[PDB]
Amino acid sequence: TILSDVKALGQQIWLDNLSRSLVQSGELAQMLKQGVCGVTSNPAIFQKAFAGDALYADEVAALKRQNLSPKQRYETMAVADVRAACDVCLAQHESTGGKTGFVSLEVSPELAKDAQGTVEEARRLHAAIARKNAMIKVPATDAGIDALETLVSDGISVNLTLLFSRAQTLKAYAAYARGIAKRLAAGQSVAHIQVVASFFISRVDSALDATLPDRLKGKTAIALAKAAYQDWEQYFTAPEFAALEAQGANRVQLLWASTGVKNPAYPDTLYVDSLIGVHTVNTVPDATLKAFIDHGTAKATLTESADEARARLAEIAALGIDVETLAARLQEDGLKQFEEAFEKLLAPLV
């Protein structure tokens, strides 16, 4: 029931995992009935699935007999899994006018600084999946925000990932709005275009907690998220976006990612309990989902005590910690980590 209580506060909970058995077994479908509202993947999720899930072995053996690149073998397998998960989520998606029930597939991390290559791959994967409720996942580098505007103008739903920066998030909103405005100028639909901005949580605390004083440990990532949500409210309520929304456009939604707790000193539901607010998403790994169902709390926390969050961020700046510099480092490290997972994903498909 708690997932329903969180929907009543305006937040969707998505599952931050995907595998062939999760879908085929009916587990994912049961999750949609319990209140899960979507699925996210990334190269690490697929690396783990392909290595651990017995249902891939027959396809791998068959694909190794064809003149296909390792990447092509991976894509064949992953596109099938995403199409199958989309089909499980389609009734939910259609029941809300296309607002929920999405599955995300990320483009190759090799493309992260290549806008045109990102666009081409995203268009190809979008056409290969051929489902209305698939999102293409793109890292929010500067090239990614370039590609976002193009993809939105092409009518493709996007999950912008590896956001750690309030400034880079806001730049993504502007690129979104440019794409929507283009579509309205060309007489094209916008009501079915959905974008989420995946803003990473635990990695900020993992980076800073050792250096912070006791009173600030475990607070920065949440405070940064609360400030990002304030930025979101300001941007999307202002007159230019209000006019687009009145015509049928949807706002980008913040999506809290990296919400599994890594520090055992903190409650395992800390990063779900603390970030609940209106027109947001939280994507959770399976163990965190279980923990939240078991002993999480559904309260409107994201907009609570926002002044105290801003005070903490000022205190962090005064300690000489520049969260925008930190964000650039975390994004570059996350891209390296996804590229390493993608290479590890491809090696057994040779």
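For every residue, the number given is its place in the sequence shown, counted from 1.
A summary of the deposited B-factors shows that, of 258 to 266 and 164 to 172, the stretch with the larger mean C-alpha value is 258 to 266. For the pair 210 to 218 and 128 to 136, the mean B factor over Cα atoms is greater in 210 to 218. For the set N159, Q116, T100, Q234, the PDB entry assigns the largest Cα B-factor to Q116.
Based on the entry's C-alpha B-factors, the most elevated value among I321, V36, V284, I45 belongs to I321. Split the chain's modelled residues into thirds by C-alpha temperature factor. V6 is in the lowest one. When all modelled residues of the chain are sorted by CA temperature factor, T303 is found within the middle third. Ranked by C-alpha B-factor against the other modelled residues of its chain, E106 falls in the lowest third.
The deposited CA B-factor of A147 belongs to the middle third of values across its chain. The deposited CA B-factor of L15 belongs to the lowest third of values across its chain.
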